[PDB]
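Colleague: Here is the sequence, then the experimental structure:
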Amino acid sequence: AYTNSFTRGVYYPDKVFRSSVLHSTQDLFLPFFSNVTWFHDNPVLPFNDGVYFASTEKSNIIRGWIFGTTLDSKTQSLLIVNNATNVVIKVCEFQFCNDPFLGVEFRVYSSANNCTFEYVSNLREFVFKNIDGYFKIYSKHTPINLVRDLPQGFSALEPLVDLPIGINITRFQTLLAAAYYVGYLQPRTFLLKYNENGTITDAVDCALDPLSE
Amino acid sequence: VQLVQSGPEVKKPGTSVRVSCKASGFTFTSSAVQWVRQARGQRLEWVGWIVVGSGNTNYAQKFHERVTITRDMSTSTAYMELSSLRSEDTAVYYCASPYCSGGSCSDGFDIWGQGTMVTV
Amino acid sequence: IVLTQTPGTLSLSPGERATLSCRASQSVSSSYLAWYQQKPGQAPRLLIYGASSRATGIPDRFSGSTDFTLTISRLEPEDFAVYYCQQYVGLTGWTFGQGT
Amino acid sequence: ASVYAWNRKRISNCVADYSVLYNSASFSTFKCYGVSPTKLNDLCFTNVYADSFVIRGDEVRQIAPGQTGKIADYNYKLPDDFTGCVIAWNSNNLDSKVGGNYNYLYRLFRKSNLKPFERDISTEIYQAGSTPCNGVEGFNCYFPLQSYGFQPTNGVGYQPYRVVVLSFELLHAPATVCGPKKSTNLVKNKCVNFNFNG
Ligand SMILES: *[C@@H]1O[C@H](CO)[C@@H](O)[C@H](O)[C@H]1NC(C)=O
Ligand SMILES: *[C@@H]1O[C@H](CO)[C@@H](O)[C@H](O)[C@H]1NC(C)=O
Ligand SMILES: *[C@@H]1O[C@H](CO)[C@@H](O)[C@H](O)[C@H]1NC(C)=O
Ligand SMILES: *[C@@H]1O[C@H](CO)[C@@H](O)[C@H](O)[C@H]1NC(C)=O
Ligand SMILES: *[C@@H]1O[C@H](CO)[C@@H](O)[C@H](O)[C@H]1NC(C)=O
């Protein structure tokens, strides 16, 4: 299944306050009205320039991710698990299960050798991109009033972390105890409309059509 | 490749004698030195030995209690000291080592000192 | 250990061959038995090590092999010496035989 | 740790206050290679490796690039192009025991020399000759390690020293370990030459 990404997938390009200005920038963004895959499961998916992720759980079933290349202990990989009150971000030469899962029991990996990094800190949206050694995660948590959809609204995702990890990510997989969407970012130009309080209230995808252009 | 033994000694009964051998031309520090003695007209008897590298020693049971073997790598020299000397200790003392080059050593005692008499 | 060296005296004219023997008081590894040649008045030299191998500088007049032997294929005037066997098994208990 | 089996701790994702190590008088040795001992704070690395071990005084001189010897070649070897600082101090009153502290061992016998930062902790009896040892020590069969007789009555060359080597590694990575940053009081309503982060 596939759905319409509408105008979702915009995030604040940088940590800069801008007031009542239209700012033109090129970065990896989810193109407007792009074709994104709707998943009901958790197969291994490719990671290209970056990934847009969204989910709609009330029981918080989906709560983690695996990022890397080999994912079999040959190379470094990133494991993120958001359980109870402590979300753990860990980078190791993990030997992952061929069908990793969380219980309601933990069976994600059998080994975690040569660990290099560790950090602990409705509708949920995330952006994952790896630029020049930094794994940047943006996020937003909003109300959901639809049962099986991706609401046609607009919010810009705020930066959460900027992990200084030298990780090569070409594939990723979600972790679950529900539905989610996966899109891919592209080097498109956007005109971002800022309000007087520094937030992005709207945006134009410059490649969507001749009016936007 | 030679092991040069010290000269002769004359000691009183009840005292002690120090004998030594200097290694030259070979890797003393990875080797081992054994000490033996022979009375005139008698068989060659084993006294004890030292591993030069580790400095660990073992002795013949008949001498064990009163014999000490040591070494000092800085002068490439092996030493033996015999205490509580007896007149029966009058013998020619000999020292021997395997030939060593770095970590590779021979499988027997090829290098021998000339022999030195100790009189008690 | 105790090693028995026989014969007590080996009397044989030059040009002939001689057999010498060393007996262990227990089974031992052959790899730690060695034979020495002692010319009277001098320190002994190694002839055979590991029961069967020749030491450097040892001529083919000699060869190696509880019962261990030393063979002298042929005797020259300089091969008249008292022969001894020595055992190096383990760290202690090392010894020599009585001497041929 | 024993010098034959040195303890490597990886330091990452932190602020390296090198000034404490430099400024104190607790160290007798502070030898910096490729870096300046007073500028260490300004050097950002991906990894800092702290190799911790005990050796005797006379062997302290071997913990350096270009050195040879029992420690440099069979226990803890540094590369000729080593970058980092070697820090050591007299630990006589910490490690020595009246009857001798023999818990610290070093390698005496090895088939070949170590590669830089190679950690060989095998206890196989060393075969000096051609005869297999088969687990038995004897002539030409020597245990590769020996203990240090560290005692409170030893001369300095035989006293224990605690050595920590901080190896500085820069990879194709963000470089997460840097020293502390300078900060000054904020001055308002005046022209200043300012620096806020970057
Ligand atoms: C995505 O592409 C498929 C064809 O592969 C098409 O059937 C589907 O309707 C498209 N979905 C969207 C939202 O454009
Ligand atoms: C989450 O799971 C990890 C498993 O490694 C565990 O260490 C951590 O304590 C858990 N968090 C909480 C709040 O229990
Ligand atoms: C462990 O990770 C580091 C990078 O932090 C890497 O240089 C090293 O080679 C890795 N170790 C192994 C055995 O792969
Ligand atoms: C990813 O792999 C390439 C080799 O194809 C290498 O040049 C690059 O440095 C690697 N990046 C990371 C973060 O490991
Ligand atoms: C901006 O913040 C002020 C509060 O200081 C609020 O009254 C105003 O409505 C906000 N405007 C927007 C567009 O968010």
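Modeller: Nice, thanks for sending it over. Numbering: from 1, shown residues only, chains lettered A, B, ... in the order given. Ligands and ions are numbered 1, 2, ... in the order given.
Colleague: Can you pull up the most central residue in chain D?
Modeller: residue D:165 (2.9 Å; CA atoms, centre = their mean).
Colleague: and residue D:181, how far is that from ligand 5?
Modeller: Distance from residue D:181 to ligand 5, counting by CB to the nearest ligand atom, to the nearest Å: 33 Å. Backbone N, C-alpha and C define where each C-beta goes, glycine included.
Colleague: hang on, the residue nearest to the centre of chain D in a helix?
Modeller: No - assigned with DSSP: H, G, I helix; E, B strand; the rest coil, residue D:165 falls outside any helix and is strand.
Colleague: residues contacting it?
Modeller: Going by CB atoms under 8 Å, 6 or more residues apart in numbering or on different chains, residue D:165 touches D:49, D:50, D:51, D:63, D:76, D:78, D:84, D:85, D:86, D:87.
Colleague: Return the set of residues that bridge with the first one.
Modeller: Just to be clear, that refers to residue D:49. Counting by DSSP bridges, residue D:49 is bridged to residue D:10, residue D:167.
Colleague: does it really touch residue D:169, like I thought?
Modeller: Yes - with contact defined as CB atoms under 8 Å, residue D:49 counts as touching residue D:169 (6.8 Å).
Colleague: so how far is ligand 4 from the residue lying closest to residue A:77 once chain neighbours are set aside?
Modeller: Among residues not flanking residue A:77 along the chain, residue A:68 sits closest, at 3.0 Å (CB to CB, 6 or more residues apart in numbering or on different chains). Using CB to the nearest ligand atom, one obtains 10 Å as the distance from residue A:68 to ligand 4.
Colleague: Hmm, residue A:166 and residue A:68 touching each other?
Modeller: No - between residue A:68 and residue A:166 there is no contact under CB under 8 Å: 12.0 Å.
Colleague: Name the residues contacting each of those two.
Modeller: Common neighbours of residue A:68 and residue A:166 (CB under 8 Å, 6+ apart) are residue A:76.
Colleague: of these two, who's got more company?
Modeller: residue A:68 (25 against 19; other CB atoms under 10 Å in any protein chain shown).
Colleague: quick one: contacts for residue 45?
Modeller: Picking chain A for this. Contacts for residue A:45 (CB under 8 Å, 6+ apart) come out as A:37, A:51, A:171, A:172, A:173, A:182.
Colleague: try again with chain C
Modeller: Going by CB under 8 Å, 6+ apart, residue C:45 touches B:110, B:112, C:36, C:37, C:38, C:55.
Colleague: Which residue comes closest to residue C:14 once chain neighbours are left out?
Modeller: Spatial nearest neighbour of residue C:14, chain neighbours left out: residue C:75 (4.9 Å); criterion: CB to CB, 6+ apart.
Colleague: Tell me the buried residues in stretch D:185-198?
Modeller: When neighbours are counted by 16 or more other CB atoms under 10 Å in any protein chain shown, no buried residue of stretch D:185-198 is found.
Colleague: Can you show me the CA trace of that stretch as PDB?
Modeller: The C-alpha trace of stretch D:185-198 is given here as PDB (Å, rounded to 0.1, in the frame of the first residue of the first chain):
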ATOM      1  CA  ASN D 185      32.100  37.400  31.700                       C
ATOM      2  CA  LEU D 186      29.400  38.800  29.500                       C
ATOM      3  CA  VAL D 187      29.700  42.500  28.800                       C
ATOM      4  CA  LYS D 188      26.700  44.500  27.800                       C
ATOM      5  CA  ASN D 189      26.100  47.900  26.300                       C
ATOM      6  CA  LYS D 190      29.600  48.200  25.000                       C
ATOM      7  CA  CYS D 191      31.400  47.300  21.700                       C
ATOM      8  CA  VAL D 192      33.200  44.100  22.000                       C
ATOM      9  CA  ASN D 193      34.900  41.600  19.800                       C
ATOM     10  CA  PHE D 194      32.700  38.600  20.500                       C
ATOM     11  CA  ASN D 195      32.700  34.800  20.000                       C
ATOM     12  CA  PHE D 196      29.500  32.900  20.900                       C
ATOM     13  CA  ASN D 197      30.300  29.300  20.100                       C
ATOM     14  CA  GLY D 198      31.200  29.600  16.400                       C
END
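Colleague: Leaving out sequence neighbours, find the closest residue to the residue of chain C positioned farthest from its centre.
Modeller: Residue farthest from the centre of chain C, counting by CA atoms, centre = their mean, is residue C:91 at 20.9 Å. Counting by CB to CB, 6+ apart, residue C:91 lies nearest to residue B:58, which is 4.6 Å off, once chain neighbours are set aside.
Colleague: Sheet-wise, list the partners of the strand or helix carrying the one you found with their directions.
Modeller: Counting by DSSP states H and E, the element that carries residue B:58 is strand B:57-59. Sheet pairing of strand B:57-59 (DSSP bridges) gives strand B:44-51 (antiparallel).
Colleague: And the strand it pairs with, what's buried?
Modeller: Buried residues in strand B:44-51 (16+ other CB under 10 Å): B:44, B:46, B:47, B:48, B:49, B:50, B:51.
Colleague: what's the answer for stretch A:17-27, then?
Modeller: Using 16+ other CB under 10 Å as the test for burial, stretch A:17-27 gives A:18, A:27.
Colleague: got the contact list for that stretch?
Modeller: Contacts with stretch A:17-27, where a contact means CB under 8 Å, 6+ apart, come from A:13, A:187-198, A:206.
Colleague: Contact residues of chain D facing ligand 3?
Modeller: For chain D, the residues in contact with ligand 3 (CB under 6 Å from any ligand atom) are residue D:47.
Colleague: residue in chain D nearest to ligand 1?
Modeller: In chain D, the residue found nearest to ligand 1 is residue D:174; the distance is 37.1 Å by CB to the nearest ligand atom.
Colleague: Burial check on that residue, number of neighbours?
Modeller: For residue D:174, using other CB under 10 Å, the count is 16.
Colleague: for residue A:160, same thing?
Modeller: For residue A:160, the count of nearby residues is 14 (other CB under 10 Å).
Colleague: Give me the buried positions along the one helix or strand it maps to.
Modeller: Following DSSP H and E, one finds residue A:160 within strand A:158-163. For strand A:158-163, the neighbour count (16+ other CB under 10 Å) marks residue A:163 as buried.
Colleague: Do any residues in that strand lie close to ligand 3?
Modeller: No - using CB under 6 Å from any ligand atom, strand A:158-163 stays clear of ligand 3, with a minimum separation of 13.8 Å.
Colleague: Now find how far off-centre that strand is within its chain.
Modeller: A distance of 11 Å separates the centroid of the chain from that of strand A:158-163, by CA atoms, centre = their mean, to the nearest Å.
Colleague: And the helix or strand just after it, what's buried?
Modeller: Next along the chain after strand A:158-163, taking DSSP H and E as the criterion, comes strand A:171-176. Residues of strand A:171-176 classed as buried: A:172, A:173, A:174, A:175, A:176 (neighbour count, 16+ other CB under 10 Å).
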